[PDB]
Every structure is written in structure tokens, then in C-alpha cells.
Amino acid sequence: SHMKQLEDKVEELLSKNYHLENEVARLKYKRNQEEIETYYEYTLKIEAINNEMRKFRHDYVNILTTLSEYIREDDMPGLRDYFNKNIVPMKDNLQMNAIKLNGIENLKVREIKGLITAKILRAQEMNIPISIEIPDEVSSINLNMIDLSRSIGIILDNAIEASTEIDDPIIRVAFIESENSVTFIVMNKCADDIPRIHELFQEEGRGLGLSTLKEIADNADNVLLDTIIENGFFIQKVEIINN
């Protein structure tokens, strides 16, 4: 009958809404887990960076206190000598550090400016030579904040950790832009002394971070990853097309 088809209809629409309502609830739960991962990841990142900066600052203030002995002994010659030999050159290293930081002024993507500055400060305070080159202003990059930040963080963290053993490390950073796309490049000097295997393996961490980096690259068609060794340098390139 007619009427019976309606009854039959109301039923199958209620079933349809049931299934949809289960899908919405599942998607809300996935989005909830994602906000939680993002919160804890980034809140831990701030801690580790905060704590590292405080350490650097502690080393600096300690160095000033090595003067105390010369002052207590009223020994200006010994102080003059120690200070000119050991302390006063910091002030030049620090004036140069400040100069290199002006290299990020053309980065007009606020979302990642803090992140890049933090990595440059960390390299500088680890006494790893680092330069950043942004020949033209870059005001737009066509990749979600979270992924772009995670990509940059991994590449710069790899370049920095790989640089801590090396005798004469350098890191070079660049953002360039065609009218087609933006390309993020990090160059670092490869080591000569290769580590022992046991000094490298455990129970971010370079090779892991590179796959979760490949993850992000694969799951965007407009982001092109490249990994190059050229004249004793490791080069990580990520191109993001305005497509």
C-alpha cells in the first residue's frame, strides 16, 4: 500500500540518520584526539626550549662570576688579562649573532617566524655557524600551519643534532619563491667521523622524523620533498606549490 511505504520510509530515514549520527560522533572524537595530541606536543616543545634557554643563560652568568677571584685578590692585571682573553670576545660573537638574525626579516609568515628564530638561537648558543637567506619577502605558504611547523622543526632539528659532533659545522637556511611556489632549504655539512652504531640507536630522532616528514609530504600533492648529498653536504628541500 501507499501509507505503508511512508511507514517503511520513516524507518529507513531513521536508520540513515542513526548511521550519520555515529559518523559525526566518530569524527568529533578524532578531532578531539587531534586537538589533544597538538596541545601536548606543543606544550612539551615549549618546556624543552624554555629549559634549554635557561641553561644557556645560566652558563653566561656563571662566566661573569669567574671574575670574583681577581676582584677579591684586588688583582686588576690578572682580571684585565683573564677578561680580555676569555670574556670580552663573547661580546663580538653576540653582536655577530644579532646581525645573522636580521636574515629572517623577509619571512612574513608569522606562523613559523617564532619557530625559525628559536632554532637559530639554539644553533647560535650551541656555537654552530648558521645563516638564513630570504632574498624576497615570503608572505604566504600553501600548507597547514601544523604540518609546515612540524616539517621545518624536523629538518632544522636534524641539521642541528647532526652538527653537534662535527669539527667545523655550518647550517644554511633559505626560503625562495618563484611565482609558482615557495621552497624551504636546509643545507648542513655531513660528518667525517661517522658515529659508532651504539652511540646512535635507542629504545624527531632523525630517521624516525624523516618518515613522519615523508608522511606529511606524501599526504599533500602540492608539497615536494627532496634529499640531496652534494659536495659533502646534506640538503633537505621542501617545495610548496600555490596549487
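Residue indices: 1-based, along the sequence shown.
Unmodelled deposited residues between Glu203 and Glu204: 4 to 9, per the record. Looking at mean Cα B-factors across 149-157 and 112-120, the upper value is held by 149-157. Taking the PDB entry as given, 208-216 carries the higher mean Cα B factor of the two stretches 40-48 and 208-216. When the C-alpha B-factors of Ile176, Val186, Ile63, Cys190 are read from the PDB record, the largest value belongs to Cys190. Per-chain ranking of the deposited C-alpha B factor places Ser15 in the middle third.
Among the modelled residues of the chain, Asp136 sits in the middle third by CA temperature factor in this PDB entry. Ranked against the other modelled residues of its chain, the C-alpha B-factor of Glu199 as given in the entry falls in the highest third. The entry lists a Cα temperature factor for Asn144 that places it in the middle third of the chain's modelled residues.
Among the modelled residues of the chain, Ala162 sits in the middle third by CA temperature factor in this PDB entry.
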